[PDB]
């Protein structure tokens, strides 16, 4: 007999096909059957009439590396219907690195002495021993590797350092990492040459992992950054994932037509993917950058001056008698939200066929960007239902079937017999992001229940206590 059957609802199976009325039966950690299951014995027959049963959402871009360890409930994500998270993005991974004061933006994962894993396997072992509520597909970050190997990061790596980083990268992949990510836009890796990146990532071809990247530049020189990324992809002959695609700065508004055309062209000749979050503001370390600081900027957290959390940087700068750009150094290390994107571009990028959904949430932030709590329902409700940017089955596909395929997460991302029972039950009519910039931690509406490996992790708007997540391998 099945452990339970979610009956009477509409199944959107994650294959980008219109929903159909069907029941979903689960046995253990697997979807046992799909369709009219009235004739199948089940210990429980849960009524989900009026609801949609879809695969659990896979967050293609997270910085939950440490959050998975410190807050196993993973409420910010499971409350949105997320059942799997891809960690170690933008070249930022928790391991391998034993450092009491890791350089920004690595500190976005730190809660105080959090970087205690000398080896990547130690990190994965820790997750398996005390599993989080969601599954985890982990990547190792190039910037973390540089921090672990290089005495001085403000220069290109030497042959010996590249060899040391490549060794760590290979060990990580051998231990279960699903890929390597880079973030050359940031200080720790701004001096890394394209050749350094290629050599450090050589193990990807042997282990069959992916190359993910926060491109070196997403503004005036985004074309050159895109070309570098495509080049690395060809040199490695592995799939590449362009993280949080956008065109930033008023002088680049509307250029998404241009970038998407370049990406579409590259996809015809090589393996290219991309993801994005549904907002016009970004968030990361507070950095001295003319473009990032051109528009409205909010502080998410500040080490030297904790009271600044939540404040407008323009006000802070003005009151200190300096420009936003000049006041940044004295406020570091800190985090911020940057309003430097335009809605039309965000919509164009989200609607672009291949674009996967990634929250890019920064879970440790005192006053976080709302994407941390409302990304997925915002795509399902606001964009799909309310604006009609795409049909619901396509919106679901963009956060389930597509993502599972691109990251190689076998037997997940689809409501199919035999696949793992990562599922979400939501009300298509009411699903919506409740988090706003003003109140960034409000729980989304319309999320009835969430299941991971068959176990309900979210029910009655609360974590059930089921630490059902597993460390996944590609």
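Numbering follows the first chain given and starts at 1.
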Inset, instruction - Could you check the entry and say whether 136-144 or 236-244 has the higher mean CA B-factor? - result: 236-244
Inset, instruction - Can you let me know which of the two, 396-404 or 103-111, has the higher average C-alpha B-factor in the entry? - result: 103-111
Legend entry - Out of 74, 94, 180, 153, highest CA B-factor residue: 153
Inset, instruction - Determine which member of 160, 360, 275, 343 has the highest CA B-factor, using the values in the deposited entry. - result: 160
Legend entry - Record-listed C-alpha B factor of residue 216: chain third: middle
Legend entry - Third of the chain's Cα B-factor distribution that residue 323 belongs to, per the entry: highest
Inset, instruction - Would you mind ranking residue 305 by its C-alpha B-factor against the rest of the chain and naming the third, lowest, middle or highest? - result: highest
Legend entry - Cα B factor band for residue 78 (lowest, middle or highest third within the chain): lowest
Legend entry - residue 461 by Cα B-factor - lowest, middle or highest third of the modelled chain: highest
